[PDB]
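Here we start with a single chain on its own, the form deposited in one PDB entry, put down as structure tokens.
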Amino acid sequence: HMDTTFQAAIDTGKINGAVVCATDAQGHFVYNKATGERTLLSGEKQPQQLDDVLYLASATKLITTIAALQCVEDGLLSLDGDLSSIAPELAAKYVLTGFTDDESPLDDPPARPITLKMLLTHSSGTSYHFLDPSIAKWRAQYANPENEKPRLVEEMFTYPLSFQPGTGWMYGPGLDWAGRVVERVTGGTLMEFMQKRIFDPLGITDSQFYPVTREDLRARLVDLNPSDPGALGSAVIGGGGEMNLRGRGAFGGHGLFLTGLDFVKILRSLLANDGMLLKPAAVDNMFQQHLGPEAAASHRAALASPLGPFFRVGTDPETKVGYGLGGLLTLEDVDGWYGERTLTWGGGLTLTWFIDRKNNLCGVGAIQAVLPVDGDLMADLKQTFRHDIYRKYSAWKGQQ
């Protein structure tokens, strides 16, 4: 019901198209479908194609997550090691506990060092100011940078922690920090490392961080169009895109551009656990709960909060979930849908992905929306993909 649902959304003028790529571990069941049209900077229309270059936005986080785990395999990092030396900017952050009534900020020194595992699972304390009201309040009083100067990761994310390292959960720049950590410990750019360790083994050559400079890629950017002459990804994140315009260097949190076909090669290598990217036991460890007791309780409070629908990535409020290395982790079966220990996340409001090892299925579904982005419609469209792909998978299994 992707077919009729997506077409209805095209007819209303709220999306231009969609790219969907799903596969089992061996490529027996494969479903690839490009729907709709893209618009070129010239205004001319072209059918959506499976090798259109998409803005991944926070789907970047999974890829940065793999890159960090590869440095762990190399012995350049450990999951639980002290990062204070490699990233002193993180060690220097204090923990904001709240405000007095005259609205002055209470902070405390950090009780422990920040580790890679905390960065990868959003339990370090680094929080997006637009999601954490306490951090939103601090940003505004200790304001303002209308500097507009292009900022590196460490010049962009200068706020205190939202909670003692390891003891909470809040979505934030942990993978931008992890990406910077990967650059520092390898002595090269994040693009260089990923090209060599992730894209080359999979035969991927059509990928770049913001800003996209390559002419061949720019000619295939969905997001280079009259509504987005900057190729900022506005349609994917729903207004802006502010962080991209203001950054300098690679942002492992949200910066990558990639085709759906190339993104699913990465998903499938994890699903099949074929050693192309990581040793099997390291992949297995991604699909485990890595929040401790306090952090798990914080996670569940955020999932029950008004932001919870975003944080639940379409999963039901009755489904117990944790956070793995790479995204949300289901902790029980939903019969007919995600098996237990499905890893899932997404990008902006328009893109979502899952890796269901128990049921042997992975996929990405990426709506190409029309500004202004109808957020409630995106949620529905993503949900249609997440469930219709299981329907298609069952029908195929039944036909064998």
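Each form is matched to the other, and the largest set of C-alpha atoms that superpose within 1.5 Å is called the rigid core. The first residue of the shown sequence is 1; numbering continues from there.
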With respect to the recorded C-alpha B factors, which stretch has the higher mean value, 9-17 or 379-387?
-> 9-17
Decide which of the stretches 205-213 and 92-100 has the higher mean C-alpha B-factor, going by the entry.
-> 92-100
Can you pull the Cα B-factors for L221, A250, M156, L271 from the entry and say which is highest?
-> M156
Return the residue from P226, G174, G324, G292 that has the highest Cα B-factor in the entry.
-> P226
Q46: C-alpha B-factor third of its chain, per the entry, is the middle
Chain thirds of CA B-factor: placement of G336 | middle
Please rank the C-alpha B-factors of the chain's modelled residues and tell me whether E37 sits in the lowest, middle or highest third.
-> middle
Taking the values exactly as deposited, rank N244 by C-alpha B-factor within its chain and report the matching third: lowest, middle or highest.
-> highest
In terms of its chain's C-alpha B-factors, the third that includes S123 is the middle
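If you look for the form deposited in another entry, you will not find it shown, but the lines that follow are about it.
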Which residue moves between this form and the one not shown, judged by a Cα shift of 2 Å or more on the rigid core: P309, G188, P88, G239?
-> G239
Once you line up the core, how about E318: does its CA shift reach 2 Å between this form and the one not shown?
-> no
For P110, state whether the C-alpha moves by 2 Å or more between this form and the one not shown after rigid core superposition.
-> no
Under a superposition restricted to the rigid core, does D101 display a Cα displacement of 2 angstroms or more between this form and the one not shown?
-> yes
Note whether the distance between the C-alpha atoms of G241 and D206 decreases (closer) or increases (farther) in that other deposited form, against the displayed form; the change is 3 Å or more.
-> farther
Shift in CA distance, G240 and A302, in that other deposited form relative to the form shown here, given it is 3 Å or more | closer
